[PDB]
Each structure stands twice: as C-alpha cells, then as structure tokens.
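A.B. asks: my complex, first installment, coordinates as in the assembly:
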Amino acid sequence: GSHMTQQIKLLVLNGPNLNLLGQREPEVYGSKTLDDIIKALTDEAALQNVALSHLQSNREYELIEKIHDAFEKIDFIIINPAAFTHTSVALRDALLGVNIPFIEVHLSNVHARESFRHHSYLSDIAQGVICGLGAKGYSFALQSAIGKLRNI
Amino acid sequence: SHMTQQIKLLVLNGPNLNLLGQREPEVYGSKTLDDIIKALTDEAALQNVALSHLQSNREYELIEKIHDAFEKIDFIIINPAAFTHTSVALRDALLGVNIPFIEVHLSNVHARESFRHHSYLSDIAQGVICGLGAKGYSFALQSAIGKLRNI
Amino acid sequence: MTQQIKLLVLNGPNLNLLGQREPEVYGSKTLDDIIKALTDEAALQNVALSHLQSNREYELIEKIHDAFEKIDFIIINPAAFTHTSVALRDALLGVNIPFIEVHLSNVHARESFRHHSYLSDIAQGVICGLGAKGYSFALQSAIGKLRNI
Amino acid sequence: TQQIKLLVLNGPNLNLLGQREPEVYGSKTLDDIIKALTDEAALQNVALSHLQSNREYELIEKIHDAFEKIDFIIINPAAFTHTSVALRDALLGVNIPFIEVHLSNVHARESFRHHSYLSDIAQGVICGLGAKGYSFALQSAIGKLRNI
Amino acid sequence: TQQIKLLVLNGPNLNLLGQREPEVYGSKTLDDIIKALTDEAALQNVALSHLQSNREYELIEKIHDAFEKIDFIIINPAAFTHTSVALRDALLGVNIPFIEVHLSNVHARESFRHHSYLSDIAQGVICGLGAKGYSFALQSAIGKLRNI
Amino acid sequence: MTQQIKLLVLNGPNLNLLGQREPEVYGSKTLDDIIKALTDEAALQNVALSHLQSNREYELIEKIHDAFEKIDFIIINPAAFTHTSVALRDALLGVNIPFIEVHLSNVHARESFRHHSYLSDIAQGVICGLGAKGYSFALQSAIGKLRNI
Amino acid sequence: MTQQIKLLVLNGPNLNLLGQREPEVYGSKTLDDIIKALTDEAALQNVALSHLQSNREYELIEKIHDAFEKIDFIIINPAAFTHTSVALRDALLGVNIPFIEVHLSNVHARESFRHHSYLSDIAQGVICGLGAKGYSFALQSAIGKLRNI
C-alpha cells in the first residue's frame, strides 16, 4: 500500500562442489553453470530493490568469515551449503552468532539419496528449506525473503 | 496462453489444515486455507494451469482422489500434514499412479519434535518445501510449470 | 449454580466390542453401560457429557474440530490410535482444549510398541489399567481443574 | 463336511492391479483374482466373501461384523500392515484365526516394509507368490478347519 | 465389609511440596495431602498408613514389613521409578497389588522420565492429576478389593 | 508333455527330529512322511524332486553348488541357518537358481532374533506357519512360475 | 596348616525374603539356612566366613571399605543392585579384593534389563541359575584361586 520499501541487502552463500555445475558431460547432465544461476538471480532480485551479493567456496572458512562480515550489513541469507549441511557445526554457530535469518536450498532432493544426507546441522534453525527444485529453489528463497521482510 | 498446453494440477491438503485462521486470528494470523487456494488458483489460471483442490481429515478421501487422478492429472502438490509421518498407504497411492509430486509444509518441521523429521513421502517427491508459509504452494506451482514446460 | 461444564468423551477403535466376547469369561460390561453410568455421574455435578466412540479416525478428528468453543474438556481413550495417530495429536493441539487420556488395561504390561503415545505428552494426564473407573477419575479430575478445588 | 464361511479382506491400493501399463506390469485385476478364488472356494463347499478398501474403518467394521458369522479370514492389508494397530486389535478382539498374504516379496523392498502389526498373531504369512498366495491361504484354512 | 489395610509410600523429594515459592508453585504440602487422604480412607473403613522417604532402604524394608499385614499399596516412587530395580523386586517378592501415582505428567518432561521399573507390574498408573491421583488410587483399590 | 521340472528341496538343521519327541503330544508326522508325500505330488506334475536334509552347513552349500545347470528351482527350509548363514545366501546368489523359503512354524510369533533372515530378501517368496502344506504350496508356486500359468 | 582364608559373603536386597512366601509352594530354604550351611563348609576348609545381607546400598559399600586389608576374597549376590549400582562397582575396584558374582536364578531367562551388570566384567567370574549351591561353588573356586590348586 501507499508506502516504499527500503532496499534489502541479501547474501547468497554456496558451498563446495557447486562450481562444477554445467561442466561434466553437459550434453548428458545439463549445461547451466552456477554463474548463469547467480546472474539470473541477481537480475530477479534487482527488479524488487534487493541488492544481492554472492560467494561460492570449497573453503569452509571463507563461508564462515563472509557470515561474520555480514553482521549489521545484510538482512537475509540464502545458503546452499552442499555437503557442509551434513558436517559443519561451525557454519551453524556462525549463523546463530550473527543472528541473520536464512533459508537453506538444495538443488537435488537429498531425501532420495544416501541416508546420511537426511541430517542437517542447519535445517532446524533455518526459516525454511527447499530441496529438489533445481536452480529455481534460489528464486523461491528470494521471493520468500522479500515476503517476510516486507510482510507481503 | 493460446501459446502453451494446459497443465492439470491436483493440490491435496491433509488433516487439520481446515483450522487455518480459526483460533486466535489476532495471535496466530488471519489467513484461511480458502484464501490460500483462491490466490493459488488465480496464480495458476494466469499460467494456463487448471488447479483442482481437495483438503480432508479422511485418509481414504486423499487416497481415492489420487486413484481418480490417474491419466487425468499432470502433477500433484501435496501438504499431507500429520499423514507425512504415518501414511504408507498415501506413499503407495502416489507410487501406484506414478504422477510426479511436490511435498509442501507451511511450518519448519525440522524445528519441531523429532518424530516430525521422518516422511513416508519425501524420498519419492520431486522435491520438498518446508517453513515458507502459504507461498510454499506458489513455489511448488512455479516448479511444476518449470518441469513440465522445460522453462 | 457453579457453571455447567460441557465435557466430550471420545473412544477409539474396538471399544465397541467390550463385554461381547465370552461375556461369562471376560466380564459383562459394555461401552454403553460405561457411558450411561458416566453420564449419570456427570449430571449430578452439572456436567453435560457428550460421547462419540468410533473405529473411524476421521470421525474423532472432525468431532474435535466441531468441539472448538463448545467444549470445556475432553476425556479420550484413543485405544490403538494412541500409538499411530499424529493427526489426532494435531487436532487436539489445533483446538487447544485440555484433555486426559484413559486406557482400561495397563498398556505398560503388554507388547512394547504399546508403551509409546502420540498423545501422553500433551495430555493434562494419563490413567491406565484401572478399567472403567478410569473414566470416572478423569471426570472427577476435569471438574477439579475447571472448578479450581 | 460343514460349509466354511471365509472372509477375504484387501487393503489399500490393491484396486489398482492390472491398470497402469497393463502390457508392462500384468493385465490381471483384483477382480480376476477374487472371481477365480470364489470359484475355487465353491468347489470345496467354502462360502467366500470379499471386501477391498482404501478405508481403514471399512476393514475394521467388517471384522466386527464377522464375529460369530465367519470361520476364517484371509487378509492382504497392503500398506496397513505397517501402520494399523487398530486392525491388529480388531482381529484380536473378534478372535477369528487369519492368514496374512502379500503379492510381492516385501523383504526385497524398503526396510520399513519388513515390520507388520499382524504377522505375529496370524496363523501364517505368505509373501511374494503373487495371486496364488490367496489360493494357498484358502487351502491352508480348509486344512486347519477340516483337520486334513 | 472387612477393614482394608492400605499402605501409601512416597519417594524422594516429595517432602519439598509447598515449600519453595509457595505463592508461585502452590502452598499445599505432602502433609495436607496425606491428612486429607487419611480422612477420605477412614470414611470407607480403610486404615491408611504412610511413609515418605529420601532413603531407598526405608521404602524396601517397609514393603517387607507389609507382607501379610497390608491388602494394597499406593506408591509414588518419584525419581526411584526410573532407577530402583530393588523396589521392583521388593514388590514382586511380597506380591501385594499396587498402583503407581505421579503428581506431574512425566511424559511431558525429559525423555528419561518415560521409563519405569514399576509401571509394568502395577495394577495401574496415574500421571499428572496432582494430589487427586492419590484419592483415585484409593477409590480404585477399594473397588478391586470389594469387587465394586 | 510340458517339460520335466528338476526341483531340489533342501531342509536345514533339526528338521530330522520332526514327529519323534512325544509323538502323541506334538504330532506324529516325520520329515520322511513329508518328503514322501511331496515326491508323489511332484511326480503327478512331471516334477522330478530331489531332497537333502542336513545339520551340516557345508552339505547344503555343496548341494547348491552341484545344482548349477541341473536344477530349475529350489524349495528351502533353512531352519536355524536362516538367521546365521551368509554363506548359504552367497551360495544361492552364486548359482542364481530361484528359490522359495518355507518355515513350518510362524517365526514372527517366536523370539525376536528369529524375525531376521539372510535369505528372505533374495527368495522369490516366503511361506511361514502353515506347517507341512507350506512345502506343497512352494511346489505349486514353482510350477506356476516355470509353466507361466 | 595352609593359611586361614578370610572370606566375606555379601547379599543384596530382597534375599532376606527367601523361603518365606508360600514356603510349601516355592521352597522352604531361608538365607539363614544357606549362610549356616556355607559357614560349616568353609570352617571344614580353614575359611573364616563373614556375611552381611542388606537392602541398604550404603551398608554393602561401607562393608567393602571396612574389608580392605582384612579380607582375602568376596562372594557377592548383589541381587537387583547388579543392574543399578555403579557405586558398588567403584567400591570393589577401590579396595581391589577379588570377587565372584552369584545369582540364584538364571537372570538371562528373565526380563532383558536383567542381562546387564555393573559388576560381571570386573568379577573373577559369575555363577547364575544353580540356586544355593552357587555360593558353595564360589567358595570352592575362591579356595582354588587362593591355594593355587
């Protein structure tokens, strides 16, 4: 209604092995890169007055240090921790320590894979979780974050 | 679109979701399952998606609706609510008719009691959305369109 | 003229069989005899008791939905649905009417799957193994909570 | 011999047999099975009745209605094997002997399917022999009731 | 009717009732409860005796002393429910029927509290109904002993 | 003149004791009576049945090895080796002859270690608790699979 | 004139009840009869036997403390404290006197919580299910270890 939203500052964090997307047998498994996904997500965010920053890393410390740098500069996090979902208590405690709401995203439906993959050190503290929807899960998390911060 | 083929989508809601918006609206929120399915119907009709909906406290009525969907429906969105944790019969219904589905939960089950972590559906769903509220239905609808139209 | 308590008694599956197989071997008492006796005891205390027994999970859930802002208290013997119905747990949490859980038999003396309840942890309390007087104890207990004696 | 009264109960999803990819998974319906089983029973002075249902309550209430009408039950509870304590308590409460049948080998599928709320109180269990499991259960019931 | 001899046993920490933040948690003592229960018993020709103790041995030796003096036991073993096999073996050894009572709903507290070394051999169990649980157990004992 | 089926029946330990302890208390029937009856029923269907019972794990394994390209189907009551012999599981997987598993008693009603089988998951199916007719049902079932009726 | 062995026999809770409920139904024998018999058998072997039975956990612990450098060997039937007393385990480890654990009944045939002992793993050994002769076997065994025959 008759009022203007301030700019959301949103940080997207991607865990290990997601830099491989689009590279192995592109003709067999798909040609789309993490870069094509972040670029399309950045454009979708900027239409809605969301300023999107992104880090992908194989290095657990680079995600943790980015979350610590987020304190008082970021309103929301979207994170696909990939394999760190199952193993990083450090990341859990980084997100609890800076107290920024987040949504957890997985490309694949982890509930269909090995049974170790069913357990997350993040899901219980996340505002919510999206699994198995491919790249569009990032766009759903973005739509969800805007809704919760603008109460719309 | 007098562009695309009509998708036939079935939305199924499990027990107790009929209570949404009823108790202490001023404390827990005002929105009804009706309001959610009306808004989702409007979103689907703009994309040439024909939405039909059943909520029920009766296990049997969800299973028989899944049976009746065979060769009529392209995709299912289901919030089974408590039946996620208990209904092998709903799992066997979805496997027997072999229509792809997405499982939706309004609340974040991973933050509630630990029995709620277990689903007889998650492992066979094309994917799962938890904790995003009513918009989880609209994400599942956008996902189904994406998969069926390759877009 | 304390206020009239509106109390709902819910019985789960198979309790309709009470008293009916080898009555002279296992006891004579029907669910009917129990609910009649309980209704009379309630009416002496200005408690309006209504009752549904069912083998249909949906009928217990729908009755709990319909109880919202009509009922002060529930006494429930869910029988076998104690062990399996998350949906009934979510119905009682969703309408937020206090209840007590009753079992005629001592479940802790029977097969070990019977030890787990999807209700015991949200009940105001639990009575097991005292037979039909368990309903009468739940009734006395509900009057106590509601009349703050 | 005395006419045996036999009740066959079939649980959820079994109405789907024959219907999806008939050319790939079999063309045979629950109907074809129960017709053949009724004929086999009538040759042995066994009066067979049947109920299939997706509704737990219809199976429970049929077991209640069976008390002092039925000598034996054959039941394929399908998914309810794994979840319905209420059916277990219905069969215990009416105290009719029964046999449990499954068309598929459940031990070869997901490991939740290994647990039954019925197997321990059944006279017997037949898994994985397809529709002939029903006919085995019928021959077994006749044998126990006619001591043969 | 014959005079019933009833023994009430209360386990550790129950002497604390009424004492900490009386205005916040209730002002009612174990004393108030046992006085009221003795009066209720005497109206029904039930001779009630009581022992509360923080000492496991005093409860065990009281159960031994009960043999051929007592018709029924009501016991709130408090924390000993979860830990005392010795009390289980004392009640089995004297073979007096008993009912187990807890003031609070143990199923709503930490999950170690869900296990009892007594629940399976008790005639019955009452949890979470506060002090009236004692009076229910008394009415139940009278009913079984006087067949009413 | 359907083709002659070559069927091997294998019995595990302790089944040699059948009918022998308190015959007038537990039943009269020996393993011998069962195998004779089964052989006759097989011969009516142009099924050539051969049988080995043994308390020796090795003799069951070596008989399954020797069955390779001589036998169309196995009926096996492994008795106590159901719970403990991985080696028999690997023998039936190694020769890749289909089998059905039979138990005279309902194992699911007995001690809870008896619920687990190193065979049930690779069997074409399983029969429990119907006594000696279980062998005759397995035979009828094998003819059905092999003659595609 | 081998050396005099000082042997302490410790009995746990509820063993005072032996022989006393339905003596003509369950057996006549008291703990007293057992300890008298055992004392006589010990005195024939120049074994000085002392005995404490108790329902008090503390009295068994304090007796084990007092045994330090007075006692060569302990025979203990901890009865129900086998399953629950870490403190008794730590008392026997703290004084480092060898013991044997005795149970009259076969605990492995009873409820499955009775299978676990906080003592069996540090005992020199364990006797179950042979009734009162188990004490006499423990005594013969302790003489054997101490007299190296």
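C.D. replies: Structure received. Numbering: from 1, shown residues only, chains lettered A, B, ... in the order given.

A.B. asks: and residue A:14, how many neighbours?
C.D. replies: Per other C-beta atoms under 10 Å in any protein chain shown, the neighbour tally for residue A:14 reads 24. Every residue, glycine included, has its C-beta placed from N, CA and C.

A.B. asks: wait, isn't it in contact with residue A:34?
C.D. replies: Yes: using C-beta atoms under 8 Å, residue A:14 is in contact with residue A:34, at 6.3 Å.

A.B. asks: how many residues are close by residue A:127?
C.D. replies: Neighbours around residue A:127, by other C-beta under 10 Å: 20.

A.B. asks: hmm, it is touching residue B:108, no?
C.D. replies: Yes: with contacts counted by C-beta under 8 Å, residue A:127 reaches residue B:108, the gap being 7.1 Å.

A.B. asks: could you find the closest non-adjacent residue to residue A:38?
C.D. replies: residue A:54 (4.8 Å; C-beta to C-beta, 6 or more residues apart in numbering or on different chains).

A.B. asks: the one you found should be in a strand, yeah?
C.D. replies: Yes: checked against DSSP: H, G, I helix; E, B strand; the rest coil, residue A:54 lies within a strand.

A.B. asks: include chain H too:
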Amino acid sequence: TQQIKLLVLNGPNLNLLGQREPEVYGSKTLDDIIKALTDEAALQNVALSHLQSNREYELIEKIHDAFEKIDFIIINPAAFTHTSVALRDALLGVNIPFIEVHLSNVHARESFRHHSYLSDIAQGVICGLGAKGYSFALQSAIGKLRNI
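C.D. replies: That brings us to chain H, laid onto the chains above:
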C-alpha cells in the same frame, strides 16, 4: 541311586588348551580336564561321555543321538555361543536340561561376547572359573537329578 548318564560337549578351539606358551598361559590340556572330570563323575555313579569338536554338525548330531540316552548335558560351546542358533534348536528339540560353562570371564572381553544363543534356555551358566567350572556343573546336575 540310579546311574546318571551325562554328556560333556566342548566347542571349537578348546583342543588348543595347554599348547601355546605352556610356561606363560598354563600347561593344562582339555585332556587333563576331561580325565579329572571322568574320575570325579565315576566316584558319584555318573557315567560321563565327552565330545570336543571344531565342527558344528558333530555337536548338533551328538545332541540328536543323546535323546533318550542322556539325563544331562554340560556344554562349553566356546565361540558357537555367540553364533549357533542351530545348537540352540538342537537342545530345545531334544529337551535335555543343560548347563553352560566358559573358562574365561566373557563379560571382561569384547562386547560381542556378552550375547549367547544358549544362556536363556540353560539351567545355569558358569563363567570365568577355569576348569573347575566343569566340576561345578557336574555337582549341580547331580543335585538337580538326585534332589539334593
């Protein structure tokens, strides 16, 4: 008194006793033990026979051959305690009472060794008392059979 017929069965690896580092672990053989036990039995009009074997089948078939020849069995099944359901079913099937003996304290070794397929159906179990465990089991069998 009547002559008792007693069978002693010893499981795998027990033929090794006395043989490796005799000066370090003991010089005593299974032979020395069974000779001493035969002498002790003959003084009490107990006719003792023995079989030790590394072969599961020889123990099972000896238990079958014992039916209506033997009053009592003493068995040290050694490793077969933990693995042979077949031996459990052989002793149940012939219904001869037995006692289980182990030379070592199994509760002090690896935790798989805590489980037995025999302990629950044995008359009794003796662990960790070395060769005298055999002589205790013999005295126990005589006591039960001669009511003494």
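
A.B. asks: once more on the neighbour count of residue A:127, this time with chain H?
C.D. replies: 20.

A.B. asks: in chain A, what residue lies closest to chain F?
C.D. replies: Closest to chain F within chain A is residue A:115: 17.5 Å, counting by C-beta to the nearest C-beta.

A.B. asks: that residue and chain D, how far apart?
C.D. replies: Here residue A:115 is placed at a distance of 10 Å from chain D (C-beta to the nearest C-beta, to the nearest Å).

A.B. asks: try residue A:152
C.D. replies: 41 Å.

A.B. asks: ok, the nearest residue to that residue once chain neighbours are set aside - contacts?
C.D. replies: Of all residues not flanking residue A:152 in the chain, residue A:146 sits nearest, at 7.2 Å (C-beta to C-beta, 6+ apart). Residues near residue A:146 by C-beta atoms under 8 Å, 6 or more residues apart in numbering or on different chains: A:8, A:48, A:50, A:152.

A.B. asks: ok, and the most crowded of those residues?
C.D. replies: Counting by other C-beta under 10 Å, top hit in the contacts of residue A:146: residue A:50 with 21 neighbours.

A.B. asks: center of chain A - which residue?
C.D. replies: Against the mean C-alpha coordinate of chain A, by C-alpha atoms, centre = their mean, the closest residue is residue A:79 at 2.4 Å.

A.B. asks: ok, now chain I:
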Amino acid sequence: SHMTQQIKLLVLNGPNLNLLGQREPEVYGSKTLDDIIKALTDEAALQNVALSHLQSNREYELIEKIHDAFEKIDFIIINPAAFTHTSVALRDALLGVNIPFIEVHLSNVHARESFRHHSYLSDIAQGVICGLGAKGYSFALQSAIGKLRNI
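C.D. replies: Chain I now in position relative to the chains above:
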C-alpha cells in the same frame, strides 16, 4: 573482606571418595579427601567464603543435606562420583531447592568406560570440571565467587 558479603558454599562428595590416599599411597598418591577439604577451606576463608562439607556413601544423606541447604546456602560444589550416572533423585533434589551448582570430577570420565560419559547432573549444573584433580574444587570455588560477586 570487611568489604564483601559472606558466601555460604556447600561442598558435597559422593561414594568411595573417602578411599582417597588409602590404597598403595606409594603407587597412586598420598592425598586424602581430608587434606583436599582443609586446603579448600583455607582458600575459601581468605575470600570470605564459609565452606561446609559432607562426603557420604549414602545417597539419602546427600539428598537430605541438599534439602537442609534451602535458604541457607548460596552455591554448591558437588563431586557425586558414581551417583552422577545413576541418581535421578539427586538431580530432583538440586532442581527442587534451586541452588546453583558446579559438578567436579577428579578423573577424566571421558577416557574411562563409556557408561561414565552419561550424567543425570551435567545438563543442569552451571558447569562441569573433569580430570584436573583436587584443584578442580578450587576452580569451582573461584567460579562461584566470580558468579556471585560479578567479578
């Protein structure tokens, strides 16, 4: 201090700690529980902390001492020894009187048998010290002073 308020501190020791220093002093050490409580009393008296102590092999004597501490004691230091693993009644005593405590163990329980990893007290203690020997009591005392004097 004719500076600070006196803290009233209760030190409770569980079963078998009376044996300290008794068996093979030349092998396992010479120090008695007496020597430890004397040194800890001297340390507390310099800080205007009144220390009272009970060791016992009797469960009941620890529980009744906790009861008697209500409205007399500001803090408890407790080495429950074996009763850590077994006494729900001691847990319910400390929760009923609601005096803050610190749990101390002389040995490192995490390096002994695995049953010793489990405590009916650790989750309610203000904190836990294991494996530091007798000085663990003096650390618990320094911690209690820190918490109660805000220093």
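
A.B. asks: thinking again about what came up before, pretty sure the residue nearest to the centre of chain A sits against residue A:12.
C.D. replies: Yes: contact criterion C-beta under 8 Å: residue A:79 and residue A:12 qualify, at 7.5 Å.

A.B. asks: relative to chain E, how far out is the nearest residue to the residue nearest to the centre of chain A once chain neighbours are set aside?
C.D. replies: In space, and not counting its chain neighbours, residue A:79 is closest to residue A:13: 4.3 Å by C-beta to C-beta, 6+ apart. Using C-beta to the nearest C-beta, one gets 35 Å for the distance from residue A:13 to chain E.

A.B. asks: who's residue A:13 bridged to?
C.D. replies: Beta-bridge pairing of residue A:13 under DSSP bridges involves residue A:55, residue A:79.

A.B. asks: count of neighbours near it?
C.D. replies: 26.

A.B. asks: wait, it sits on residue A:69?
C.D. replies: No: at 11.3 Å, residue A:13 does not count as touching residue A:69 under the criterion of C-beta under 8 Å.

A.B. asks: now do the end-to-end distance for stretch A:116-136.
C.D. replies: Length of stretch A:116-136, first residue to last, C-alpha to C-alpha, to the nearest Å: 25 Å.
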